[PDB]
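This report refers to the structure that appears directly beneath it.
Residue numbering restarts at 1 for every chain, and letters A, B, ... go by the order of the sequence lines. Just the heavy atoms: all of them, side chains too, but no hydrogens, waters or symmetry mates, feed the values below.
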Amino acid sequence: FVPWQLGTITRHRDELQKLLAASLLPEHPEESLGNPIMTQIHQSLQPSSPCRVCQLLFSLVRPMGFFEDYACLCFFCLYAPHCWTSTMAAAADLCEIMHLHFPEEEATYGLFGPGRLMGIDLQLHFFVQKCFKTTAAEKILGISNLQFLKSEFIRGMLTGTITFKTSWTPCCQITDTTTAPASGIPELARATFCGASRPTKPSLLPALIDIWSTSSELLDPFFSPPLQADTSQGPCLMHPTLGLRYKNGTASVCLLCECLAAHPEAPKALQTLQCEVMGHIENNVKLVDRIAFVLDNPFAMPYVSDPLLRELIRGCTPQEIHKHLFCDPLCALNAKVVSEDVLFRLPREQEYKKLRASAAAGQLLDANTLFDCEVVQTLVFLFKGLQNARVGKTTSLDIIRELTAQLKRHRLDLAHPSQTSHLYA
Amino acid sequence: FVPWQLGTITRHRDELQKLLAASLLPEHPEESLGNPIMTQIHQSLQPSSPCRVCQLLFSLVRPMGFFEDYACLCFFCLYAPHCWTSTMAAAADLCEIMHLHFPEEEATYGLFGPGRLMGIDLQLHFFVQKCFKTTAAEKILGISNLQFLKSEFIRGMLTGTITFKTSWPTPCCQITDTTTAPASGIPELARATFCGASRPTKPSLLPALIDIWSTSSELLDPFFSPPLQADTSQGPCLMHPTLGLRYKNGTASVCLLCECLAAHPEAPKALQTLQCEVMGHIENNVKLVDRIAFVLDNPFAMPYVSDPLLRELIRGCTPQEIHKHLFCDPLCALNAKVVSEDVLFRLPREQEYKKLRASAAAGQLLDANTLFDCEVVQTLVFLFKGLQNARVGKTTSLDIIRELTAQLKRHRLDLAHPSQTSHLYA
Ligand SMILES: [Zn+2]
Ligand SMILES: [Zn+2]
Ligand SMILES: [Zn+2]
Ligand SMILES: [Zn+2]
Ligand SMILES: [Zn+2]
Ligand SMILES: [Zn+2]
């Protein structure tokens with residue numbers, strides 16, 4: 001069983017349809033007193049609510065093919081960026097794990113939608129809170145403080161306003177002066193996915209473009225949206241920012257972060273683009289002009305094989321590319337955690353079988369070895385929260401002050417977060 | 001091809017008139033819902049919009065001496081003050097460079113105006129942001145923070161209010177790197193090319209200044225005819241750093257002595273000699289504005305100035321304009337520190353000039369102005385002019401003033417205290 005397979009998405013087009021419909025915003029929220037979808041998402045974001053996915057799983061465990069297939073999904077999620085595509089894929093792969101190991105269970109059918117799992121529940125379990133990580137007991141209270149803050153500011157993005165200064169061991173491996181520097185993905189994963197030997201799994205770009213052009217205007221039939229649904233903002237309740245807002249030629253749903261999780265050569269295609277932008281021009285041309293100059297060229301970016309991804313990146317505005325490579329802290333967090341090999345290279349069966357054994361034995365899920373820091377993660381969500389919701393000016397500049405300090409402690413070079421918050425969505 | 005030539009201005013009177021017309025303010029701005037000129041300038045000042053001049057250039061390369069003629073223009077700007085005249089000259093010399101090396105492409109004609117280039121675009125590219133300086137890649141992010149601040153406060157001067165403490169942050173420049181020697185002058189290649197009494201000077205740009213600004217403004221109390229429905233009391237001020245002409249205490253937001261620094265070959269040394277006369281001749285406690293009046297009442301004043309036009313202009317300025325320029329305004333101080341009258345106005349020796357161009361086209365001479373170059377001090381100067389010409393909160397206004405005073409002392413610039421200056425002058 002392997003995650004991130006476009007085929008798994010098409011197989012469950014029926015169930016996902018229930019998930020995609022349930023992840024759209026109401027067309028006219030002001031004309032109803034409530035809405036059951038928003039009520040449940042809002043409930044998932046209250047700090048003392050149960051985790052609906054953790055509760056589903058415990059329901060099923062009170063085989064062997066199951067702890068080893070589930071631990072694969074967890075490992076893939078741990079090495080995946082935070083975005084819509086990762087939630088879609090984790091949704092599909094959770095269907096498959098449930099249809100594989102539990103075909104007789106009623107929880108397996110009608111898995112998504114109102115009263116069952118929702119997009120936000122996937123986000124919380126696999127990406128925001130990472131319930132699957134193996135963590136020591138003495139780290140539990142500390143983690144809950146940070147999870148509390150994340151829930152509050154994510155809920156703020158849903159409802160529109162916020163209700164830190166009171167609330168705020170080295171935090172991670174980077175700030176750890178003892179540790180040996182990060183090699184890369186752990187050894188067993190490098191053995192299993194790496195090497196010129198490997199063909200690619202199918203790209204998720206077609207599904208992404210279908211769903212989002214059908215149910216939003218992000219890009220100006222797998223998914224059919226209802227009316228009394230907001231077809232201008234897409235299935236954004238599966239995205240970290242919970243909405244689609246436009247500013248300065250950018251949008252709150254970053255398309256290049258979607259590419260990091262939906263296409264096999266996006267991680268490095270962008271890393272080389274960043275290198276071309278910094279290195280080719282040797283004078284004081286500003287970053288959005290450098291991007292226009294690099295991508296003005298008719299052959300632009302030959303290092304990218306798939307002409308579709310090339311067509312997409314060259315179609316982005318210089319502001320979208322500026323925001324993603326140099327400004328937004330969540331884009332920076334997304335780029336540092338992804339492993340394009342784990343996500344998209346077809347695994348070698350001999351090495352994969354030990355990986356499943358090791359992960360289900362609880363050995364590869366303690367931390368993302370490329371980047372893993374709940375402190376920086378939390379501030380990234382706090383920042384996106386002040387960017388997308390009403391927040392007090394004084395806490396707002398408190399977050400900005402601390403995020404900048406941590407960005408430097410962790411060797412992440414961005415424009416100043418206050419500039420980023422002025423410029424972009 | 002040599003920049004800063006009155007002749008270059010004269011031949012392109014056609015394109016340059018179109019720039020001056022597009023550089024006046026609306027006559028009655030409140031009676032229209034918008035204005036395409038103001039909308040575009042305001043668009044050029046947003047931090048994530050492209051540089052129109054950079055975009056013109058890349059569109060033109062996507063010859064063998066274009067890169068060297070453009071690099072000469074850049075070198076001159078680097079050693080030119082920030083003012084109307086320097087924007088006019090860069091406009092003219094950009095025309096000339098386009099007719100020499102790109103005469104069949106349509107971009108060259110209709111170079112200026114709505115939908116094309118504007119004064120703000122020339123100012124941003126050649127003077128405020130200096131896109132041509134050779135900068136290391138690892139320093140770009142930091143630079144964009146400072147350019148952000150500059151754009152915002154210049155945009156405030158355009159619209160009237162501002163929309164620092166959040167964004168503000170090794171020596172910053174050669175002045176505060178106290179392990180280096182104190183600056184002596186322009187590079188050797190430039191010294192060889194421009195210096196020596198043997199060298200004849202190019203024509204004074206003062207007539208062009210005096211003509212254009214008297215026909216389309218009141219700054220002085222036909223190259224250019226202004227349209228109707230335009231504010232003919234403020235001149236082509238959208239080519240000037242303050243984006244308007246306002247008056248206070250016998251001064252105006254357009255400083256005439258800064259125009260002279262860029263428009264006339266002996267203004268830099270004349271004013272520095274005047275500064276010595278003002279400081280040194282009186283030996284008792286007479287105020288600076290009276291000392292200025294005493295030096296310039298004498299009928300034989302400033303005999304070190306040969307050109308009687310420059311001499312009469314300086315002597316006609318009010319003691320506040322001269323007080324403001326020599327002792328108070330921080331943008332006037334930066335302008336005096338950056339300018340080289342030799343580069344701008346002495347006829348180059350062609351054998352050494354060929355070496356200059358090769359160096360400048362190879363990027364070696366555009367790393368930094370060796371007389372003064374500090375983007376920190378540049379940014380604070382634009383912040384201060386912004387609080388002076390636009391609505392800014394009291395707490396952030398007094399924050400700029402205190403940081404600017406600290407940097408002024410750290411860079412050995414002796415000015416009156418900026419709070420005094422902000423109270424006194426435009
Ligand atoms: Zn969970
Ligand atoms: Zn950390
Ligand atoms: Zn992104
Ligand atoms: Zn430029
Ligand atoms: Zn300095
Ligand atoms: Zn001046």
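- Side-chain contact of A:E217 with A:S232: a donor-acceptor pair under 3.5 Å is present, judged by distance alone.
- Side-chain contact, A:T394 with A:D398: no donor N or O sits under 3.5 Å from an acceptor N or O.
- Judged purely by distance below 3.5 Å, without hydrogens or angles, the side chains of A:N388 and A:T241 never pair a donor atom with an acceptor atom.
- How far CG of A:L364 is from NZ of A:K133: 13.0 Å, rounded to the nearest 0.5 Å.
- Side-chain rings of A:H416 and B:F148 stay apart, their centers remaining 6.0 Å or farther from each other.
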For this session: Verify side-chain contact (heavy atoms from CB on, under 4.5 Å) between A:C331 and A:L256, making sure each step is shown before the conclusion.
Result: CA-CA 9 Å; A:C331 298; A:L256 311 176; over 6 Å; no
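- At distances below 3.5 Å, at least one donor-acceptor pair connects side-chain atoms of A:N368 with backbone N or O atoms of A:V337.
- Classification of the A:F132-A:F126 ring pair by plane angle, with boundaries at 30° and 60°, yields tilted.
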Exercise. Is there a side-chain contact (heavy atoms from CB on, under 4.5 Å) between B:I140 and A:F326 once you walk through the steps?
Worked result: CA-CA 11 Å; B:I140 281 299; A:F326 308 101; over 6 Å; no
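- With respect to A:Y424, the side chain to side chain donor-acceptor pair (under 3.5 Å) criterion is satisfied by exactly one of A:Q387, A:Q419, A:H322: A:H322.
- The neighbour count for A:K201 NZ, taken as heavy atoms of other residues, nucleotides or ligands under 6.0 Å away, is above 12.
- Between the side chain of A:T214 and the backbone N or O of A:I211, no donor-acceptor pair lies under 3.5 Å.
- A donor-acceptor contact shorter than 3.5 Å is absent between the side chain of A:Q55 and the backbone of A:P50.
- A:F153 and A:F164 have their aromatic ring centers separated by at least 6.0 angstrom.
- Side-chain atoms of A:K247 come within 3.5 Å of backbone atoms of A:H422 as a donor-acceptor pair (strictly under, hydrogens ignored).
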For this session: Please lay out, stage by stage, how A:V338 and A:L343 fare under the test side-chain contact (heavy atoms from CB on, under 4.5 Å).
Result: CA-CA 8 Å; A:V338 68; A:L343 291 192; 3.8 Å; yes
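- A salt bridge links A:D328 with A:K384: at least one charged nitrogen is closer than 4.0 Å to a carboxylate oxygen.
- Atom CD1 of residue A:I162 and atom OG1 of residue A:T395 lie 8.0 Å apart, to the nearest 0.5 angstrom.
- To the nearest 0.5 Å, atoms CG (A:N334) and SG (A:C257) are separated by 4.0 Å.
- A:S216 contributes no side-chain N or O that, together with a main-chain N or O of A:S213, makes up a donor-acceptor pair within less than 3.5 Å.
- Considering every non-hydrogen atom in both A:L19 and A:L117, the closest pair reads CD1-O, 4.5 Å.
- Checked for salt-bridge contact, A:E320 and A:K323 miss the test: no charged N lies under 4.0 Å from a carboxylate O.
- Surrounding CD of A:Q46 are more than 12 heavy atoms belonging to other residues, nucleotides or ligands, all under 6.0 Å away.
- A:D341 and A:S339 share no side-chain donor-acceptor pair at under 3.5 Å.
- Scanning both residues, A:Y352 and A:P3, for their nearest heavy atoms gives OH-CD, 3.8 Å.
- When the shell of 6.0 Å around CD of A:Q271 is examined, it contains 12 or fewer heavy atoms from other residues, nucleotides or ligands.
- Looking at A:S49, its side chain never comes within 3.5 Å of a backbone N or O of A:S44 through a donor-acceptor pair.
- You'll find the side chain of A:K268 reaches within 4.5 Å of the side chain of A:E340, heavy atoms only.
- The structure places CD1 of A:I41 at 11.0 Å from CE of A:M238, a figure rounded to the nearest 0.5 Å.
- For A:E105, the CD atom is densely surrounded, since the number of other residues' heavy atoms within 6.0 Å is greater than 12.
- Applying the side-chain hydrogen bond (donor to acceptor under 3.5 Å, both in side chains) test to pairs two or more places apart or on separate chains, those with a residue in residues 72-96 of chain A are A:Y79-A:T369, A:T85-A:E258.
- No side-chain heavy atom of A:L330 sits less than 4.5 Å from a side-chain heavy atom of A:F383.
- By the 4.5 Å heavy-atom criterion applied to side chains, A:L218 and A:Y246 are counted as neighbours.
- Between A:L397 and A:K393 there is a side-chain heavy-atom pair separated by less than 4.5 Å.
- Among all heavy-atom pairs drawn from A:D230 and A:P26, the shortest one is CB-O, 3.6 Å.
- Considering only heavy atoms from C-beta on, A:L287 comes within 4.5 Å of B:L141 through its side chain.
- For the 3.5 Å distance criterion, the side chains of A:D366 and A:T134 fail to qualify, holding no donor opposite an acceptor.
- In this structure, OG on A:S252 lies 5.0 Å from CG on A:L244, to the nearest 0.5 angstrom.
- Among A:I185, A:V342, A:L355, the single residue meeting the side chain to side chain contact (heavy atoms under 4.5 Å, CB included) criterion with A:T192 is A:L355.
- Within the 4.5 Å cutoff, the side chain of B:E152 has heavy atoms near those of the B:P47 side chain.
- Residues A:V375 and A:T378 form no side-chain contact, since every pair of their non-hydrogen atoms from C-beta on lies 4.5 Å or further apart.
- Checking side-chain atoms of A:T404 against main-chain N and O of A:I400 turns up a donor-acceptor pair under 3.5 Å.
- Between A:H125 and A:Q129, the side chains place no donor N or O within less than 3.5 Å of an acceptor N or O (distance only, hydrogens not considered).
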For this session: Decide ring pair (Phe, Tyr, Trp, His ring centres under 6.0 Å) for A:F344 and A:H263; before the verdict, give the C-alpha distance in whole Å, the side-chain angles of both, and the deciding distance to 0.1 Å.
Result: CA-CA 8 Å; A:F344 273 115; A:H263 194 290; 7.2 Å; no
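- Residues A:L423 and A:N248 come closest through the heavy atom pair O-ND2, 2.9 Å.
- Between A:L25 and A:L242, the shortest heavy-atom distance links the atoms CD1-O, 4.3 Å.
- Side-chain atoms of A:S32 never come within 3.5 Å of backbone atoms of A:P29 as a donor-acceptor pair (strictly under, hydrogens ignored).
- Between the side chains of A:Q377 and A:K150, a donor-acceptor pair is found at a separation under 3.5 Å.
- Under the 3.5 Å distance criterion, the side-chain polar atoms of A:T108 are matched with a main-chain donor or acceptor of A:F102.
- Salt bridge absent: A:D372 and A:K130 never bring a charged side-chain N and a carboxylate O closer than 4.0 Å.
- For the residue pair A:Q406 / A:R409, a side-chain donor-acceptor distance below 3.5 Å is found, with atom types taken as modelled.
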For this session: Walk me through it: do A:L255 and A:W212 pass the test side-chain contact (heavy atoms from CB on, under 4.5 Å)?
Result: CA-CA 11 Å; A:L255 208 50; A:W212 281 83; over 6 Å; no
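- Remark: side-chain polar atoms of A:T420 are not paired, donor with acceptor, to backbone N or O of A:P329 under 3.5 angstrom.
- Taking CD1 from A:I120 and CE from A:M38, the interatomic distance works out to 11.0 Å, rounded to the nearest 0.5 Å.
- The number of heavy atoms from other shown groups lying within 6.0 Å of CZ (A:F66) is above 12.
- Residues A:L237 and A:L24 fail the side-chain proximity criterion, which asks for heavy atoms closer than 4.5 Å.
- Of all the heavy atoms in A:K18 and A:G110, the pair that sits closest is NZ-CA, 4.0 Å.
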